[PDB]
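This document opens with one chain alone, in structure tokens, the form deposited in one PDB entry.
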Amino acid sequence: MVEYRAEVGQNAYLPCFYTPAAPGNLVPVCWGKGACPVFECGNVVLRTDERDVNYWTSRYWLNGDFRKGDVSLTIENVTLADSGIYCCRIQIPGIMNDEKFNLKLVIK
């Protein structure tokens, strides 16, 4: 687990990257609130798949290019309620092999 900081009223940046084969040949990724569970993400805030961003909402979005493996999460206009641990999960095809990144956001 690695810790990151943001300020109230600004945007949070939570880095998360992998190296894909090609822009149209990606690995599905999920983000969730809470430490990464055994499988999948809990409390999902964003999802991508082999070609598209399939799930996002007004305050949870990507500022970088997911087709290049930049799956870093932006949380827009944060409040103290956004403090906590987030999971970035790189859902490599196969069993028991995802990359599970735990990110703690501290907000002041």
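Only residues modelled in both forms are compared. Only the largest set of C-alpha atoms that superpose within 1.5 Å between the two forms is called the rigid core. When you see a residue number, it is the position in the sequence shown, counting from 1.
Do the C-alpha atoms of 14-22 or of 83-91 have the higher average B factor in the entry? If you average the C-alpha B-factors of 83-91 and of 14-22, the larger mean comes out for 14-22.
In the PDB record, does 23-31 or 39-47 carry the higher mean Cα temperature factor? Averaging CA B-factors over each stretch, the winner is 23-31.
For the chain shown, is the CA B-factor of residue 74 in the lowest, middle or highest third of its modelled residues? Residue 74: CA B-factor falls in the lowest third of its chain.
The form deposited in another entry is left out here; the points below concern that form.
After core superposition, I'd like to know whether residue 50 moves between this form and the one not shown (criterion: C-alpha shift of 2 angstroms or more). Moves: yes, 2 Å or greater.
When you overlay the rigid core, is the Cα of residue 93 off by 2 Å or more between this form and the one not shown? Passes the 2 Å threshold, so yes.
Please say whether, between this form and the one not shown, the C-alpha of residue 23 moves by 2 Å or more once the core is aligned. Shift at residue 23: 2 Å or more after core fit.
Since the CA distance of residue 52 and residue 43 differs by 3 Å or more in the other entry, is it closer or farther than in the form displayed? Result: closer.
Since the Cα separation of residue 95 and residue 70 moves by 3 Å or more in the other entry, tell me which way: closer or farther than here. Between the C-alphas of residue 70 and residue 95, the gap narrows in the other entry (3 Å or more compared with this form).
After core alignment, residue runs (3 or more) whose Cα moves 2 Å or more between this form and the one not shown: The segments that shift (3 or more residues, C-alpha shift of 2 Å or more) are 21-24, 47-57, 92-96.
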